[PDB]
Amino acid sequence: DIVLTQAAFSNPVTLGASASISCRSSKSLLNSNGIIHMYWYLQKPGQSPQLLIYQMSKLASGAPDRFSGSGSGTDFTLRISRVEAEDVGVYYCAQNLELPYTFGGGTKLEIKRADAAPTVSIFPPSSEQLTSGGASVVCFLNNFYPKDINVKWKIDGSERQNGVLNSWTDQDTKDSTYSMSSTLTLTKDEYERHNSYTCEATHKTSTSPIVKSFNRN
Amino acid sequence: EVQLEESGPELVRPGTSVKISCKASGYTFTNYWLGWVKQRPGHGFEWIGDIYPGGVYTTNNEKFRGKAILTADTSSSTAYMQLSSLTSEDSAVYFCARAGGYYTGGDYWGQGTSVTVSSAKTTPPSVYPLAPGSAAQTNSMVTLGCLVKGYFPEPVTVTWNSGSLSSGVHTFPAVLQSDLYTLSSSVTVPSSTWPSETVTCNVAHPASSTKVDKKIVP
Ligand SMILES: [Zn+2]
Ligand SMILES: [Zn+2]
């Protein structure tokens, strides 16, 4: 099987600057008929992939000319003259020279922007959930950058790691930030035995973690 | 305009078979190859095979031998892919794409079809409102939200005010636990507009033919 190797990530790129994504093939993709069976696809979060470059260096219809491709037949490069915020996503190289046709692992492009502290919001269980014996405490940590962050939950001052479910959004295609949701799910029984609930965030924009909390009463 | 319309999401039990469609329009159906690719949650792409409706020739990925077969109905300009002896390894999103011409890749793509292979039963979502509790949340902007819990299978569609409220919205990827999914969605709006201008989240779960609207009240 032909193996296409791509880095999983690229260094954060400054908006408006040039960027390059490379892909290496385990064997030449050049046909005896002179055709290079290499393509570049871009997949944005929650969308279908889009073709950017076909036959190594030909610009696909519907793709902006900010994108260009080149290569030696074995090593390939996708270039972006001026990176825009909406360009964030995963870029894949692919080949159909031989069966089975294969794809590279994809390279995620990330935009570099100014640091931004997360806006934290904590929410106690709703009356409706409690009625069913459940008690989920929700904490939103929105629009922060860089992506590196750590959330800690404390009940009555003691850390609680059990029953925590976290989810992250991809880099926003407009403001280039990241957002995160953390939910501590307890039973009503458990929830009612304690008083203070706290959501703590450790991010490079603050020496002390950003804290948000409430008291059941 | 070239369009490839794929059939809706599927929840099927392992050991059975499912057949998904790709209705094409906007061009001569019999003159271009249509291909199919597989994308598992959090993974890349896997090519399954291509089909040429004009003679009905197919090129397949032998890794799926005995698992997939491609067909085409010329009278309806529709391509089909049937997957058999299903297991959770087959749970993924399948896309169909048109090949622009002579080795010019997939220039047009369908919206994808989500297939979940599981023995688990379909369960509608419980939607709980998330309104500012005990701690005056900001003052220039205020964040509200909805917690969607205990549903199966994926996916659910979340909108606010039936789609008219879109800026400042963050709908997070669902997480699976104990055979049930949980998702959340937040929306940040101007403090001077709420609660005067109502905010309601709408959660649709086609699988269970259910949709629930929850208005967020102080
Ligand atoms: Zn935001
Ligand atoms: Zn306890």
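Just so we're on the same page: letters track the sequence lines, and every chain starts at 1. The figures here come from the full heavy-atom set of this structure, side chains too, leaving out hydrogens, waters and symmetry mates.
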message: Give me each pair satisfying disulfide (SG to SG under 2.5 Å) with a member in residues 30-144 of chain A, each pair once, sequence neighbours excluded.
response: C23(A)-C93(A), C139(A)-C199(A)
- request: Under the side-chain contact (heavy atoms from CB on, under 4.5 Å) rule, what do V158(B) and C146(B) come out as? Steps first, then yes or no, please.
  value: CA-CA 9 Å; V158(B) 180; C146(B) 275; 5.9 Å; no
Heavy atoms of other groups near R24(A) CZ, more than 12 under 6.0 Å: no
Sub-4.5 Å side-chain heavy-atom contact between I122(A) and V120(A): no
query: What closest approach, in Å, do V156(B) and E154(B) show between heavy atoms, and which atom pair accounts for it?
result: N-OE1, 3.9 Å
query: Any donor and acceptor pair, going by atom type alone, linking the side chain of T77(A) with main-chain N or O of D75(A) inside 3.5 Å?
result: no
query: Got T102(A) and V3(A) here, is their nearest side-chain heavy-atom distance under 4.5 Å?
result: no
message: For residues 60-71 of chain B, which residue pairs pass the salt bridge (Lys or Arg N to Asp or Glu O under 4.0 Å) check, not counting sequence neighbours?
response: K67(B)-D90(B)
- request: Check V212(B) against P125(B) and note the closest heavy-atom contact, atom names and distance.
  value: CG1-O, 4.3 Å
field: Main-chain N/O of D175(A) paired with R113(A) side-chain donor or acceptor, under 3.5 Å
entry: yes
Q3(B) and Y108(B): CA distance, side-chain angles, deciding distance, side-chain contact (heavy atoms from CB on, under 4.5 Å) verdict: CA-CA 7 Å; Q3(B) 292 189 296; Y108(B) 282 102; over 6 Å; no
- request: Can you run down the side-chain hydrogen bond (donor to acceptor under 3.5 Å, both in side chains) pairs that involve residues 129-140 of chain A, sequence neighbours left out, and say none if there aren't any?
  value: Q129(A)-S136(A), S136(A)-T185(A)
Partners passing salt bridge (charged side-chain N to carboxylate O under 4.0 Å, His left out) against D172(A) (at least two apart in sequence or in another chain): none
Salt bridge (charged side-chain N to carboxylate O under 4.0 Å, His left out) partners for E86(A), two or more places apart: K44(A)
message: Looking at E128(A), I'd like to know if its CD atom is crowded, meaning that more than 12 non-hydrogen atoms belonging to other residues, nucleotides or ligands lie closer than 6.0 Å.
response: yes
message: How long is the straight-line distance from OG of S182(A) back to CG of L141(A), given to the nearest 0.5 Å?
response: 7.0 Å
message: Using a 3.5 Å distance criterion without hydrogens, assess whether the side chain of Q50(A) forms a donor-acceptor pair with backbone atoms of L42(A).
response: no
Donor-acceptor under 3.5 Å (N161(B) side chain, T200(B) main chain): yes
Please output the side-chain donor-acceptor pairs of residues 5-21 of chain A that fall under 3.5 Å, not counting sequence neighbours, one pair per line with the distance.
unit_1	atom_1	unit_2	atom_2	d
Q6(A)	OE1	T107(A)	OG1	3.2
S10(A)	OG	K108(A)	O	3.3
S18(A)	OG	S81(A)	O	2.8

Pairwise disulfide (SG to SG under 2.5 Å) hits with a residue in residues 24-73 of chain B, at least two apart: none
- request: Scan residues 100-113 of chain B for pairs that pass salt bridge (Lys or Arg N to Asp or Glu O under 4.0 Å), counting only residues two or more places apart or in two chains.
  value: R98(B)-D107(B)
message: Does anything in residues 176-185 of chain B form a side-chain hydrogen bond (donor to acceptor under 3.5 Å, both in side chains)? List the pairs, not counting sequence neighbours.
response: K149(B)-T182(B), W160(B)-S185(B), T171(B)-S185(B)
- request: Examine distances only and state if a side-chain atom of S7(B) and a backbone atom of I20(B) form a donor-acceptor pair shorter than 3.5 Å.
  value: no
message: Among residues at least two apart in sequence or on other chains, which ones pass salt bridge (charged side-chain N to carboxylate O under 4.0 Å, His left out) with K204(A)?
response: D115(A)
message: Any side-chain to backbone donor/acceptor pair from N61(B) onto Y101(A)? Under 3.5 Å, distance only.
response: no
message: If you compare all heavy atoms of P146(A) against all heavy atoms of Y178(A), which two are closest, and at what distance to 0.1 Å?
response: C-CD1, 4.3 Å
field: Worked verdict on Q137(B) versus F123(A) for side-chain contact (heavy atoms from CB on, under 4.5 Å)
entry: CA-CA 10 Å; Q137(B) 221 88 297; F123(A) 306 77; 4.1 Å; yes
statement: Nearest heavy-atom approach of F140(A) to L144(B) is CE1-O, 4.3 Å
message: Looking at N143(A), is its backbone amide N or carbonyl O close enough to the side chain of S179(A) to form a donor-acceptor pair, meaning the two atoms are under 3.5 Å apart?
response: yes
Partners meeting salt bridge (charged side-chain N to carboxylate O under 4.0 Å, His left out) with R82(A) (sequence neighbours left out): none
query: Does one side chain, of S176(A) or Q171(A), offer a donor that lies under 3.5 Å from an acceptor on the other?
result: no
task: May I ask you to check whether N202(B) and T159(B) show a side-chain donor-acceptor distance below 3.5 Å?
output: yes
statement: Separation between NZ (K214(B)) and SG (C201(B)), nearest 0.5 Å, reads 8.5 Å
- prompt: Can you check ring pair (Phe, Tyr, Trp, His ring centres under 6.0 Å) on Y92(A) and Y41(A), steps first, answer last?
  reply: CA-CA 5 Å; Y92(A) 300 80; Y41(A) 289 102; 8.3 Å; no
field: From CD (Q82(B)) to NZ (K19(B)), nearest 0.5 Å
entry: 5.5 Å
message: Checking the side chain of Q55(A) only, and the main-chain atoms of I36(A) only, is there a donor and an acceptor separated by less than 3.5 Å?
response: no
- prompt: Do you know the tightest heavy-atom contact between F95(B) and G110(B)?
  reply: CD2-O, 3.7 Å
- prompt: Is a donor on one side and an acceptor on the other found under 3.5 Å between the side chain of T205(A) and the backbone of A116(A)?
  reply: no
- request: Output yes when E110(A) and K147(A) qualify as a salt bridge under the 4.0 Å nitrogen-oxygen rule, no when they do not.
  value: no
- prompt: Between CH2 of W153(A) and OG1 of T183(A), what distance do you get to the nearest 0.5 Å?
  reply: 7.0 Å
message: Taking CG in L180(B) as the centre, count heavy atoms belonging to other residues, nucleotides or ligands within less than 6.0 Å. Is the count above 12?
response: yes
query: How close do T143(B) and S186(B) get, heavy atom to heavy atom, and via which atoms?
result: CG2-CB, 4.1 Å
Name every donor-acceptor pair, under 3.5 Å, that has one atom in a side chain of residues 34-50 of chain B and the other anywhere in the protein, sequence neighbours excluded.
unit_1	atom_1	unit_2	atom_2	d
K38(B)	NZ	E89(B)	O	2.9
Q39(B)	OE1	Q43(A)	NE2	3.0
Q39(B)	NE2	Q43(A)	OE1	2.7
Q39(B)	NE2	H43(B)	O	3.4
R40(B)	NH1	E89(B)	OE1	2.8
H43(B)	ND1	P41(B)	O	2.8
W47(B)	NE1	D50(B)	OD1	2.8

query: Atom CH2 of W33(B) and atom OG1 of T58(B): how far apart are they, to the nearest 0.5 Å?
result: 7.5 Å
field: Approximate separation, where rounding is to 0.5 Å, of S28(A) OG and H37(A) NE2
entry: 10.0 Å
- request: Walk me through it: do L130(B) and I216(B) pass the test side-chain contact (heavy atoms from CB on, under 4.5 Å)?
  value: CA-CA 7 Å; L130(B) 299 177; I216(B) 312 303; 6.0 Å; no
Main-chain N/O of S76(B) paired with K23(B) side-chain donor or acceptor, under 3.5 Å: yes
